[PDB]
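[1] this is the structure alone, sequence omitted:
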DNA sequence: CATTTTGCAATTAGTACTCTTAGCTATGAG
RNA sequence: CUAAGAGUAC
DNA sequence: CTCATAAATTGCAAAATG
Ligand SMILES: [Mg+2]
Ligand SMILES: [Zn+2]
Ligand SMILES: [Zn+2]
Ligand SMILES: [Zn+2]
C-alpha cells in the first residue's frame, strides 16, 4: 500500500503541470524505493547505504568514508554494477554488454 | 554527532 | 493471538516468546478496529507453502535475499502471521496488464 | 613420475584466422607450445592424449579486440619430480662437483657430497668416471637414484638426488 | 571536451556499453597496469624488454596479469594504498552471483 | 606508439577485494625505505637516495628511467616506499571505528566483552552481514564495563561458569581531537589511551572475536587500523615547487625524526608526548585535512593543504571528476544554427571540425583506393587523412612525410582520416537531461563555422540558435560506430519511451506554414505545384489531378501536402464539434496517405501521441518517419518562402 | 560450467534477437570484416563493413553465438542462425 | 540523485527487473514486459457502454430474436441459426466478455476506457480493410468456429515468457491478460462479422499481424530501464494549497518525516 | 579460497603429500571426480605409443630394442615436428627402461596391483622400480611402511619379477 | 516506572569561455 | 605549470 | 651578501531524577 501511495504521489507530481510519463518508469522508481521492505529514500542515507558494492556506492556521495568502511570490512565487490565497470574502464554488463558473443566452429564450417 | 555526523554529547 | 486493550508491561514482553513451537502474537484492539486488508491500496496477500517457496526459488533461480523484502513488522505481515523466511504472493491489479503477481520474503 | 592431468590454455585468435580450418589451427597451436614443454607448477609436459577430439569449447570475442579467447581443455602427460622418490636413470656426464643422470626428459645432478666415501672421481679415464672399490660409474651407465630435494623453476625443473641410501647405485 | 557524468548516464540509457567504454578508456586514458593473482595490488615490477614480472613479497613471477584501467583509476588505487586501503584486483570469481 | 607488448596474461577485473594494509605487507611491497625529508640531493641535479623522491620509487625526469623497473615515466606505475614510524599512530579515517572496536573488546585481556553466554548474543551473531553484526555488537556491549571473569550459566542462573575473562573494568572512551581518552570508574581515572596499548590490545583479539565484529582474518584485521609503517605514494601520485603531499610527507618525516632522536637521546616525557602528538597530527592531515574541530594544516603559501581525502571527494575529486566523468579526445563543441534543408538524422559539421576530428579506418581490400586517395590528399584539404598507423605500431604523419614520397598502404594498417559524409557521430546538448538529448547523427560537411541541425531535432535537445553550443563525439572503432548507428540513431529515438509518444515534430515556421498551406482557401497554380512536388525528394513523379479542373486548374494545399505523407497511412481525429463534414475544417481525416480533410497543425504533425508522426513511425518505421519529416519541412518551407509570413505592431492592435 | 550451461533443449529465453544483440553482432562482424575476416555472402559492390555485416545477418550467415547470462550466472547459447531478427 | 539510485536496474534475460546485486525489483518489466516506445493509447470497448448497449454490441444468440444476427452478415447466416454447438461457442464467448467487463471494471474504479496498450488493433483492422478491399455489402466468408478458434489460438500465441513450468505459465497469463481482454473486445464475432466485416484471409492476416506486433513490442533483455526511468522522471521536473512540482518531488524522493502540506483524504 | 600468500607442507613422497592439486581425486573435464591414476614406465610407454599411432593414423586419413628404437624414431619424426628433444629423451628412456613389452602383461600387472588395493602412486612406483625382495621394496618406498603385509608384498613382487621379459 | 533534554557542520544543475594575480617576509650569521 | 579569484555564455 | 626558520537531512550518549 505504501508503494501504491508512492506511485500515486509521483504520478500526481508528474501530472500537476500536465506532463505525462509512462506508467512503467514511475513503477520502476517506486519499486526500487520499496524493494527493501521500507521506503528507501533517494539520498546518501537511503539507497547509498545498501550493500551494493563500494565502488558504486562511493561514486554518488561520501566517497572517502565509503572507501574506508569497505577497507575495514574487507568487502568483496563483484563488479556487477555499471559504476564499478565504469571506474575500472571495462564493458559494463548492460545493454550490448548483458551477454557474451562467441563463435560456432561447426556452423562456420557448415556454411562452406 | 560532530558536528556533523555536538559529540556525542554537547 | 493475545489482544490487549492499551499496552503490555515491558516485564511481560520478555516472557511472550515461549517454548517453541508455541508462538504468541500481540495485537491492539484500537489497531484492529479497521481491517487493513480490505483497503483498495492493499493488494491480495497469500502465504506460500514450503513447497511453493522451493518451487519459486527454483524456477526464478533466486536466493533468499534476492527477493523483494517485507518487514516482519508490517501490519499485513502481523495480520497474516508471517515468520521470517516465508514468502507471500502479492496479487495486484496492474494497469499495464490486468493482473501482476509479486513475491515478498519476510525479514 | 609420469602422470596424466587436466590442463587449460587460453589462446587468442586474430580475426583474419577464422576459417574452416580454425579447429586445425587451434589444435596445431596447442602443440609447439606445450608438447615437450616445462612449467614450474606441473613439471615437464611431454604430449597430449586423445588428439582425435580435444575439448576446445566455443571461444569468446574480446570486446573492442575482435580476437577470440579460446579456453582449450586437454589431457596432458606430465613428469613431475617429487621429493624422496627412487627412480632409475642413465649417467651422461661426470665432474668434480657430481654427476648428471638422465631421468626421462630431465637431468638430475647428484653432488659429490652425496656418494659413499669409497666412490671417488677419476679423470684419468677417458671419458672421466667415478670409481669405487666394488663398482664404477661411467658414461651410459644405468643407476638408481633417490630424489630428496627439488627446486621449482618454470623453464627448467631441477632436482637433487642421491645414492647414499642402501641398495642405491649401479644395477 | 568534458564527457560528464550525465553524458555517461545517457549513453547507459542508450545501452551502448562499448561506446561508453571507448569514451572513458581509449578517448581519454587507457593505462596498462600489472597485478598478481596472490595479492590484487599493483605492486608488480615489470621489465617488458627483459620479460620479467615480479611482485615482491608474494615471491611469485608466473602468477601475474595485466589489466587495462584508466590512469585516473590507477591513481585512485595508488592514493587508496597510500591511505592504508588495499583495493585488491582479482581476475576470477571467488563467489557465485 | 602506445605501450609496448607485454607477455603477462590479459584479464579484466572480476572482483575487487578491499581490506587494510598489514605493516609487514607494507614493508614487503616497499622497494625503498624513506628516511630523509629532503627531496633532492645537494647537487640539486639528481633525486636524493633515501629521500622522499628516491629513484627506486620512479624517475622524476623524462630522460631518466625508473631505477626499479628500468622503464620511463610513460610506463612506470610508480612503486611505493615506506616510512617506519617511530611510534604507532591512529588512522584518521578509522578513529571512530577504532573507538567502536575498543568499546567492544576488553582493554586488558583483549577478548570480546559478551560471548554467546549472554542472552542477546545469539541473535547478534546470527546476523549475516558484517556491518549489521558490528552495529548490534557495539550497541549491546557499549554499556558493559566489566570483563566478567565469571558469568551466570546459560542453563540456569544458579551456578557460575568461568570463561577466559581477566575481570577488569572497561573504561568510558571519548575522543579529544586525534586521541582517545579513557575514564575508568574510580574505586574517575582519566588517561589518554596510547596508540601502543590500543595496538597491543587489538593484536590480542581472538580470530573468532574480530571476525564476528566484521573483520577478516586475511584482508582486514583490527590491529591493522593502527599505523606503524606509512606507505609513501610515488612521485606519480604527487608530481612536482613540490606537491602538497610531498610537503606533508616531509613534515611527517621531520616529526618522525624528531621523536626518534628524542627517544634515542633521551628526553622528558612531555617533549616525547608533544612530538608524538605532532606526528599524529601530521599523519591525520596527510590523510584528512578537513577534520572537524582541529585547525587545518596550512601550506607554506598560507592555504589549506590538499589532503588525499580532499583529492578523492567532491565533484572535482578522482571519482566524479576523473572516473565517472572525464575529459575526452575526439570531441568538438561550437555554436548551432538551424537548417531546413538538412535531414532529421543529419548534422552539419564545419569543415574545420571535420578536418580536426578523425576516425581510424582499418585498411581493407574494399577501401584501399579511397583511403589511399585520402592519404594522397593529406590533412590540409577536405576530404583527406591525418595519420597512418602501421602494423608495427609506428605512426606516419602526413605532414613532413611527403618528402619520403607516396605511401604504399598495406592491409591491416589504419588510416586516421577526416570524418566524412555519413559518419555516425554522437551529438549532444548539455545539460543532457535524457537519452534523447544525446543522439547519433550523420555527418554532412558544410562550409561555415557552426553546427547545423534540423529544426525538428532541436526539440529533443532543447536547443535554440541564440548562442547555444553543442558537443560532437566521434567513435573510433567499427563496433562503437555500429552500435551508435543502430541504437542511438535519431530516427530510432523519434518515439520516446518517456511518454510512449514522439518527441520530435514540426515546429516554428514550418508548423505555421503548414497551417497556412492546408486551409481551404489555399489554392496553388500549376507552376508552384510543380515546384512543391519537385521539392519532395521521394515524389513518385505523377502530378495529382487538381482539386479544381475548370475553369482553371488549381491544386489545394491539402492535395500537395498529401504527397509528403507516405502511401498507406490512415488517421482520423475528431476535434471539438467536428462532423464527418467539416464546417470549421477542424479535425483530421487522412485515408491512404491523402488528407481527406482537416487543417494540418500542431495536433497532427506535432509531437503528439496518435498524430501523423506516431502513426507513420509505428506503421512504416523510423526511417520512413524521418523521410516524412524531411518531406513535410521541404514542401512547407518552400510554400512559406513563396507566400511569406510576417508580424508587426498592427498585429497587436484591436 | 556444466551446471551453468542450460541445455539447448530447455532454453527459456526469447528466440528473437534483441536490439542490443543485433547491435553487438553487427559491431563485432563489421569489426572483423574491417580486419579482413572471410565473407560468407556474395557481394554486390558493397564496401562499408557495417552494411556487409547487415547483409550477412539478413540471410543468417554470421558464425557467432550469443551467450545470454541469467542473473544467477547460468547462461544460454543461442546461435545467430536460429535467432529470428524481427525488429 | 534519481539517476544514481536507478543506475544499476536492468531487465534480465528471464524478463525480471534486477539490480546489480541480482535482487528482483520487478518479476516482469513494467508488470507486463512491454517496451515503453511500443505502447499506444487504445480504447477498451468491453468496459464502456451500458448493459443493454454491451448486449447489443456483443451478445449473439442463435435461438432468439432480440439478440439474433442478420443472416446477410456472413455466408452461413441462415444455417447457423437454430444450432447448438455454435450457440455454445457464442455462449462461452459472451460469458468470457462479461468476465472481462467485470474484470476491467474492477481494475479501473473510474471506468476509464482509454489506456496505453502495446499493439494498436484498430490500425491493423483498418490496414486489412484497405488492403483486402472490404465492400461492406458482400456476406462475410468467415465462419464462427474459425473466428473463435483463431482468437483463442492468437491468445495462446502471445508469449512474453517462454518458460515451461506452472509458475512461468501463470506469470505469462498474468502478463498478457489485459492485452487479451483488449483483443477479445476488438475481435468479437459480432464485431468481426458486422462492424468490420473481415474475410477469411483478412482475418488470418489480422491475427498474424497482431501476433507479430505483440512479439515485437516485448521489452528487450539488457534494457537499462533504471536510467531510462530516472531520466524520464527527471526531465519533466526541469520543465516544471498543496505543494507541487520540484519542491514536492524533493519532498518525495527525500522521504521526509515532516512535509510542508500534509493533507489527508476521507471518503 | 583466495588466501593471499600460501603456507604449505613440503612435498614428500613418504608423507604422501604429492601436492594440493596432486591429490587422489581430481575433477575431470566432464565435471565428475576420478582417481589420480599414475602410469608406470611400461604403461606410460604404451600410452604414449597409442597416442602417437592414433595421431599418425589421423594424419594419414586427413620385440628387440634396436628395431623398436628405429620404429619409434621413424614414427616420431613422421608424426610431430619440432621441440621434441624432451619427448625424444623421454621416449628413449622409456624404451631402454621398459619393464614390459605389450598390452597383455601391463594389463595383468595393473589388475593385480588393483587387486592389492593400494595407492596409484605406490603401485606405479612398484611397477616402475625392478625390486627383488620385500625389505628392499620397503626401504625403496617409505610410503609402504605399516600398510601391507610382508609376505603378500614379497610374493607379488615375485610374480612381477616373473612377468619381467627381455 | 516514567520520562526528558540537549546541542550544528557537510552537501547539495550541467558544461563552456575570457582575464588577473601569486607563489612563507623579515632577521640572523657564516 | 598549479592554485585562487572575478566576469561571462546557454 | 644570500640561505634557513618563525533548505534540510542527519546523527544520540549521556545524565539526572523522583
Ligand atoms: Mg538558447
Ligand atoms: Zn603480490
Ligand atoms: Zn618504476
Ligand atoms: Zn578482559
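    Sure, I can see it. Numbering: from 1, shown residues only, chains lettered A, B, ... in the order given. Ligands and ions are numbered 1, 2, ... in the order given.
[2] OK, contacts around the residue lying farthest from the centre of chain D?
    In chain D, counting by CA atoms, centre = their mean, residue D:64 sits farthest out from the average C-alpha position, at 39.1 Å. By CB atoms under 8 Å, 6 or more residues apart in numbering or on different chains, the residues touching residue D:64 are A:91, E:18, E:21, E:22, E:26, F:477, F:479. In short, each C-beta sits where N, CA and C put it, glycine included.
[3] how many neighbours does residue D:19 have?
    Neighbour count for residue D:19, taken as other CB atoms under 10 Å in any protein chain shown: 13.
[4] ok but it is inside a helix, no?
    No: per DSSP: H, G, I helix; E, B strand; the rest coil, residue D:19 lies outside any helix segment and is coil.
[5] how near is it to residue G:40?
    Taking CB to CB, to the nearest Å as the measure, residue D:19 falls 11 Å from residue G:40.
[6] do residue H:133 as well
    Taking CB to CB as the measure, residue H:133 falls 43 Å from residue G:40.
[7] next one: residue A:43
    Plainly put, residue A:43 is 55 Å away from residue G:40 if you go by CB to CB.
[8] check residue H:129 too.
    For residue H:129, the distance to residue G:40 (CB to CB) stands at 43 Å.
[9] looking at those two, which is more packed in?
    A direct count of neighbours by other CB under 10 Å for residue H:129 and residue G:40 places residue H:129 higher, at 18 against 14.
[10] for the helix or strand hosting that one, which positions count as buried?
    If you go by DSSP states H and E, residue H:129 is part of helix H:121-132. Applying a neighbour-count criterion of 16 or more other CB atoms under 10 Å in any protein chain shown, the buried positions in helix H:121-132 are H:121, H:123, H:124, H:125, H:126, H:127, H:128, H:129, H:132.
[11] distance of the residue lying closest to the fourth one once chain neighbours are set aside relative to chain A?
    The shortest distance from residue H:125 to any residue that is not its chain neighbour, by CB to CB, 6 or more residues apart in numbering or on different chains, is 5.5 Å, and that residue is residue H:196. Between residue H:196 and chain A the computed distance is 29 Å (CB to the nearest CB, to the nearest Å).
[12] how far away is the residue of chain B found nearest ligand 2 from chain A?
    Proximity of chain B to ligand 2 (CB to the ion) peaks at residue B:5, 35.7 Å away. Distance of residue B:5 to chain A, computed by CB to the nearest CB: 9 Å.
[13] tell me how many other residues crowd that residue.
    By other CB under 10 Å, the residues close to residue B:5 number 8.
[14] where does it sit: helix, strand or coil?
    With three-state DSSP as the criterion, residue B:5 reads coil.
[15] and the lengthiest helix in chain G, how far from the chain's centre?
    If you go by DSSP state H, chain G has its longest helix at helix G:19-34. Centre-to-centre, helix G:19-34 and its host chain are 8 Å apart (CA atoms, centre = their mean, to the nearest Å).
[16] ranges for the helices of the stretch 101-250 of chain H?
    With DSSP state H, counting those that start in this stretch applied, the stretch 101-250 of chain H shows helices at H:121-132, H:144-157, H:166-186, H:189-190, H:200-216, H:225-239, H:246-253, listed in chain order.
[17] residue contacts, residue D:137?
    Residues near residue D:137 by CB under 8 Å, 6+ apart: D:91, D:94, D:99, D:119, D:129, D:130, D:131, D:143, D:169, D:170.
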